[PDB]
Amino acid sequence: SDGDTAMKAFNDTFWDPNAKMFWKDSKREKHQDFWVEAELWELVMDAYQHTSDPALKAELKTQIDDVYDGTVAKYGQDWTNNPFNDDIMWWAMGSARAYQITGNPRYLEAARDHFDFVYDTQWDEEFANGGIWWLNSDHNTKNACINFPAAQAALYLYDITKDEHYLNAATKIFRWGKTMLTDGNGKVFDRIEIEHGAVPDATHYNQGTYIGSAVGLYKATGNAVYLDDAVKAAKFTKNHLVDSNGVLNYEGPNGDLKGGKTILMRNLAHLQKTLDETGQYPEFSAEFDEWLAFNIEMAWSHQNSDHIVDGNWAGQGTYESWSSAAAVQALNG
Ligand SMILES: CS[C@H]1O[C@H](CS[C@H]2O[C@H](CO)[C@@H](O)[C@H](O)[C@@H]2O)[C@@H](O)[C@H](O)[C@@H]1O
């Protein structure tokens, strides 16, 4: 029931049925940013997968289509005019997932066409020995927020198509990212800037997409090193991106980072499932599961009377859809 209650409340508060987009906040004066809307799209999909209520499930399935339609009405179907490669990839990944749920051809075409644009034209071997550029306008930085999502998108496309091209892409992207965008022990760096080098600033959403791509690669390849990779990044997160009580911390005021627990929780659930199922890392798995449950209970204990939880999970007017999404995500894992 809790995942259902959380998603229903989130939609009540933030879904605009007229524009078929989420509102950016409860003042209902601006719709959500393009990239973030893909992440809310995935939240709808996660609720769809999680729920056991057939009425709600059908409504959510329709909503999957409506989110795409509202975005296409405002932004078009061809996102390759957007200078942000990450923006394109977040939508390509969401589209791959929407295809898996609905079977609608438009989503497979969207996923494959946009993934190909970014991977085939924005990968470069010269600077930093590999990696995808953040932007398709200026080529000054290669970032975790494009590279790990690209590996994830490739893994979904591999699953759908069985075309080894996509598994090879995921493997290549992830190898580069582990080598150049992490410390080797689970701390994921934000980016590498040309003429500077690595910027070793870790954040929830980049831990998350690293963990999700590692878990996906473990499953696709049968190579246990990838599971180990995921575990080390989860451990880092649990010990180093938390407050003194172990609650995942608040990354405001940056608007993009504020809601990043949403992406983190989505991907921590993949690891949780794989550890639970396989029985690997049983000691860590038990600790991890207890810590996840603790975080979820603390976050929800801060819900307001409308069952909305602000993204500072350590505390208490206007609520924002990105920051409020993480608590909903956490109950739909
Ligand atoms: C719009 S994507 C763009 O910005 C985000 C956040 S910039 C923010 O966080 C970083 C990580 O802690 C710091 O390095 C930076 O100084 C700011 O405080 C970033 O994650 C993306 O890689 C990209 O730069």
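Residues numbered from 1 in each chain as written, not as in the entry; some residues may be left out. Heavy atoms only, no water. Residues with missing side-chain atoms left out of burial classes, pairs and counts.

Per the deposited record, X-ray crystallography is how this structure was determined, to a resolution of 1.30 Å.

A. Quick look at the sheet that holds strand β3 (residues 141-143). Read across the sheet, three strands follow the order β3-β4-β5 without closing on themselves; strand pairing throughout is antiparallel. Strands at the two margins of the open sheet, each flanked by one partner only, are β3 and β5 (197-199). For this sheet, the mean inter-axis angle between neighbouring strands, taken without regard to orientation, is 25 degrees. (Pairing = 2+ DSSP bridges. Helix = DSSP H or I, 4+ residues; strand = E, 2+ residues; numbered from the N terminus. Axes fitted to C-alpha atoms, helices over the stretch in contact; angles between N-to-C directions.)

B. The arrangement of the packing of helix α5 (residues 105-122) against helix α7 (residues 164-180) in detail. The contact between α5 and α7 brings their axes to 13 Å, and the two run at 45 degrees. Judged by the angle between their axes, α5 and α7 are oblique. Considering only the axes of α5 and α7, their crossing is left-handed. Contact with α5, carried on its side by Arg 112, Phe 115, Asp 116 and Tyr 119, involves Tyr 166, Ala 169, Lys 172 and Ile 173 of α7 and no other residues of that element. (Parallel < 35°, antiparallel > 145°, perpendicular 65-115°, else oblique. Left-handed = near helix turned anticlockwise from the far one by under 90°. Contact = heavy atoms within 4.5 Å.)

C. Summary view of the site of the ligand. In the vicinity of the ligand, the contacting residues are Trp 134, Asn 143, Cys 145, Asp 190, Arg 191, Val 199, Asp 201, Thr 203, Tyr 205, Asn 254, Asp 256 and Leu 257. In this structure, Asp 190 approaches the ligand through a side-chain N or O atom, which is 2.6 Å from an oxygen atom. If you map the ligand onto the pockets, it falls in the second largest pocket. (Near = heavy atom within 4 Å. Polar contact = N/O pair within 3.5 Å; in protein donor to acceptor, adjacent residues only side chain to side chain. 1 Å grid on protein atoms, 1.4 Å probe; cavity = no way out; pocket = protein on both sides within 12 Å on 5 of 7 lines; lining within 4 Å. Sits in = over half its atoms within 2 Å of the grid points.)

D. Spotlight on helix α2 (residues 34-50). Its 17 residues give α2 an end-to-end C-alpha distance of 25 Å, which sits within 8% of 24 Å, the value for a rise of 1.5 Å per residue. Among the 17 residues of α2, 15 are classified as buried, and the element is accordingly described as predominantly covered. (Expected span 1.5 Å × (residues − 1). Buried < 20%, exposed > 50% of the residue type's maximum accessible area, 1.4 Å probe, protein only.)

E. The arrangement of the side chain of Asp 86 in detail. Relative to the helices and strands, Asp 86 resides in helix α4 (residues 85-102). Comment: no salt bridge for buried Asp 86; closest opposite-charge side chain is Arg 191, at 11 Å. A polar atom in the side chain of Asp 86 sits 2.9 Å from the side chain of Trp 134. In contact with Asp 86, not counting residues within four places along its chain, are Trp 134, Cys 145 and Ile 146. (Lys, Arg positive; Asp, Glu negative; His and termini not counted. Salt bridge = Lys/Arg side-chain N within 4 Å of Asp/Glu carboxyl O.)

F. Structural detail: the nonpolar core. With 109 residues, the main nonpolar core has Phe 10, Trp 41, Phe 115, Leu 268, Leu 271, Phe 288 and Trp 313 as its most contacted residues. In terms of residue count, helix α6 (residues 144-161) provides more of this core than any other element does, 12 residues in total. When sequence neighbours within four positions are dropped, the list of residues in contact with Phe 10 reads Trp 15, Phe 22, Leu 40, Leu 43, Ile 308, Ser 321, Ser 324, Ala 325 and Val 328. (Core = buried A, V, L, I, M, F, W, Y, C linked by side-chain atoms within 4.5 Å.)

G. Structural context of the side chain of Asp 66. Note on placement: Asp 66 falls in helix α3 (residues 54-75). If we ignore the near neighbours within four places in the chain, the residues touching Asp 66 are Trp 15 and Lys 20.

H. A look at unusual backbone geometry. Cis peptide bonds are those with omega within 30 degrees of zero, and the linkage from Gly 252 to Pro 253 qualifies with 10 degrees. Within the secondary structure layout, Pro 253 lies in the loop between α9 (224-240) and α10 (255-258). Even without being a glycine, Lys 20 presents a positive backbone phi close to 55 degrees. One non-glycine residue with positive phi stands out, namely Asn 129, at about 65 degrees. Residue position: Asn 129 is located in the loop between α5 and β3. Relative accessible area serves as the criterion here: at 60%, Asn 129 is assigned to the exposed category.

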